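Presented as structure tokens, the chain that follows is alone, the form solved without 1-(3-phenylprop-2-yn-1-yl)piperidine.
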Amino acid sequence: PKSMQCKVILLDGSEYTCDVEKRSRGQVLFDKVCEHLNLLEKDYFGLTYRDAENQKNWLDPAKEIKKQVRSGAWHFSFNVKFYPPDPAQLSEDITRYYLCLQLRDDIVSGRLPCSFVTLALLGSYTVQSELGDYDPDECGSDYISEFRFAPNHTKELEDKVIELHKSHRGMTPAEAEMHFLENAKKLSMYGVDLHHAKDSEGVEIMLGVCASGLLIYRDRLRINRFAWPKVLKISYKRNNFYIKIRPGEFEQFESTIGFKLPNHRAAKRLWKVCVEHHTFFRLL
């Protein structure tokens, strides 16, 4: 039996190495990574790989790894796929821990925009979780944390993290992580997967995919939202992605909204993430 070496970037930034039989389905590797991580609430997570265009794709657990990575390296990242709207409802602290690590990368990367005060509050919970109670002996008037809190660090931001860290004395890691999540879950881009597209007139929009449905970001003013229940059919054809928007009460016919994606693979990727979000968050 021939085995392939897999490398997986974990959410703490470290590399897990393992081997799977070369005809393995994605679930085989995913199960190995989740066992390594002592993760039981696996449904919220997945592996990503980079395709031949260098685009992030979800590894399909049901399909052969080799038919997905094709010509590319067997290199992956472990990521949150379905961001829970109610992380308090997760059954395990270790699940909430991995969710915090993902969100910290979401913030530092700038995928999850955040006000100054929320950057400092989220940072102060991370510090409390990881160092425990504020100690002045480690931090002088000039202190700068090893922790990455933001896309752009300022001394003002560092000072505000420490001011809020002082307020969290006696807070346990599980408690600070839950507070982190209670704040993060309210951010307008929490759990939003963004896809570049053009509307039916060629105007450049973003389509966001999340628990509450499909969002269409046009021009700061008027952001159109389609709750999942209001979506009967999701389809793609060539470079185009279509949704069927239900007939309102007393309306005779469904309506159709079409989008142009960069290329055929981008249209298919958006369709698959929409179907998966619809399936996952159906009874939300």
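Numbers for residues come from their place in the sequence shown, where the first is 1.
In what follows, reference is made to the form deposited with 1-(3-phenylprop-2-yn-1-yl)piperidine bound, a form of this protein that is not presented.
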Checked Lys66, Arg225, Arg238, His36 for heavy atoms within 4.5 Å of 1-(3-phenylprop-2-yn-1-yl)piperidine in the deposited complex; positive is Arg225
Of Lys160, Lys185, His168, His153, the one that lies within 4.5 Å of 1-(3-phenylprop-2-yn-1-yl)piperidine in the deposited complex (heavy atoms):
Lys185
Although 1-(3-phenylprop-2-yn-1-yl)piperidine is absent from this view, report whether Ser212 comes within 4.5 Å of it in the deposited complex, heavy atoms only.
yes
Looking in the deposited complex, any heavy atom of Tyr190 within 4.5 Å of 1-(3-phenylprop-2-yn-1-yl)piperidine?
yes
